[PDB]
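Quick heads-up: it's one chain on its own, the form solved without ligand 3NF, in structure tokens.
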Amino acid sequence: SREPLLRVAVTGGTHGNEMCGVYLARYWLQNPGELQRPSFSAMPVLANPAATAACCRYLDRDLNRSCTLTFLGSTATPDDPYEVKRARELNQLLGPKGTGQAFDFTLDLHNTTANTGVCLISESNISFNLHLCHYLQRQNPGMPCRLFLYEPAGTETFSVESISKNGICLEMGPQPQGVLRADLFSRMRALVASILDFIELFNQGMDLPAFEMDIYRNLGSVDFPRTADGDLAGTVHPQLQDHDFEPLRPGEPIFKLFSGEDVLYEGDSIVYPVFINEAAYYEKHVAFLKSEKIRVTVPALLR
């Protein structure tokens, strides 16, 4: 017995310098009509108002890492990081996380400086999210739309979309932080419209037969090569740069050191690097994430 998704949010500016989501959220707040469908209206939300006003990723800490139950359930304090305070507001608005009052679905919009193209980022393999990705793939022949599965591996989910009963991140790159490209703005705007169309079809009872699809599952990160003092000793190798989701094979170059030497991948198997050279990840010690490409069977969603 299918439950429609009637409480749906689209969040932008979770990171204040990722410009598509910032400007889409700002635009929809003045022009909500675009987010309405017959069965439901999506609420646009500017997730990090202060980082957005300042055009930076975050003020005190990364909002998209502050939505764990531990943070949300913490006793308030004047000294709390801004984004912890804001996370608690989002929990009031779209949660409380893990309870029956939480929103049905939150679509959280992101941009990356990595050449990811269009990808959906999910913290679990819930079949609805896979059907959604498949639907976007179908609506956009020739346009890659990949699903990146990032299981928290324990213990606590941490993202803004995790506050809702379900949700997903739409990530689009490459785009410099603080830069709004018309091409990505329009594409994201059209993909959001399609995601809302999908929710509408789902609500109206569309049968979604079982299928198989390739997805990418997080294996873990690789840091930039560093000096003893943890400064960069090199950066992403020219042959790896811009090649997100493409096979990286053992013995292939992953970094170029300032001293001139190549650093080769020393893994035992082929992996698929994602988020290659994201500005925001330098301080996180991630030059790229390794993923495994796996073919999964997606259960039917039938009335």
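Heads up: residue numbers just count along the shown sequence, starting at 1.
Same protein, other form: the form deposited with ligand 3NF bound, not shown, and the subject of what follows.
Chemist: Among the candidate stretches 224 to 232, 115 to 123, 71 to 79, 205 to 213, which one is within 4.5 Å of ligand 3NF in the entry with it bound when only heavy atoms are counted?
Modeler: Comparing against ligand 3NF in the entry with it bound, the contact stretch is 115 to 123.
Chemist: Among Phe185, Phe158, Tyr135, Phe128, which has at least one heavy atom within 4.5 Å of ligand 3NF in the entry with it bound?
Modeler: Filtering the options by heavy-atom distance leaves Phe158.
Chemist: Consider the chain as shown here, without its partner, and state which of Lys256, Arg37, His243, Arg57 has a heavy atom within 4.5 Å of ligand 3NF in the entry with it bound.
Modeler: Selected residue: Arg57.
Chemist: Taking any heavy atom pair closer than or equal to 4.5 Å as contact, tell me whether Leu90 reaches ligand 3NF in the entry with it bound.
Modeler: Contact check for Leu90: no, nothing within 4.5 Å of ligand 3NF in the entry with it bound.
Chemist: Looking at the partner-bound form in the entry with it bound, is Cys169 within 4.5 Å of ligand 3NF by any heavy atom?
Modeler: Yes, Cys169 sits close enough to ligand 3NF in the entry with it bound that at least one of its heavy atoms falls within 4.5 Å.
Chemist: Could you confirm whether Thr106 comes within 4.5 Å of ligand 3NF in the entry with it bound, counting heavy atoms only?
Modeler: Looking in the entry with it bound, residue contacts with ligand 3NF do not include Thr106, since no heavy atom lies within 4.5 Å.
Chemist: Within 4.5 Å, heavy atoms only: does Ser66 come near ligand 3NF in the entry with it bound?
Modeler: Output for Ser66 is no: heavy atoms all beyond 4.5 Å of ligand 3NF.
Chemist: Candidate spot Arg7, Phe198 and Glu200, all three in 4.5 Å heavy atom range of ligand 3NF in the entry with it bound?
Modeler: Verified in the entry with it bound; spot residues all out of contact, no.
Chemist: Is any part of 1 to 37 within 4.5 angstroms of ligand 3NF in the entry with it bound by a non-hydrogen atom, and which residues would that be?
Modeler: The stretch touches the partner through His15, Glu18.
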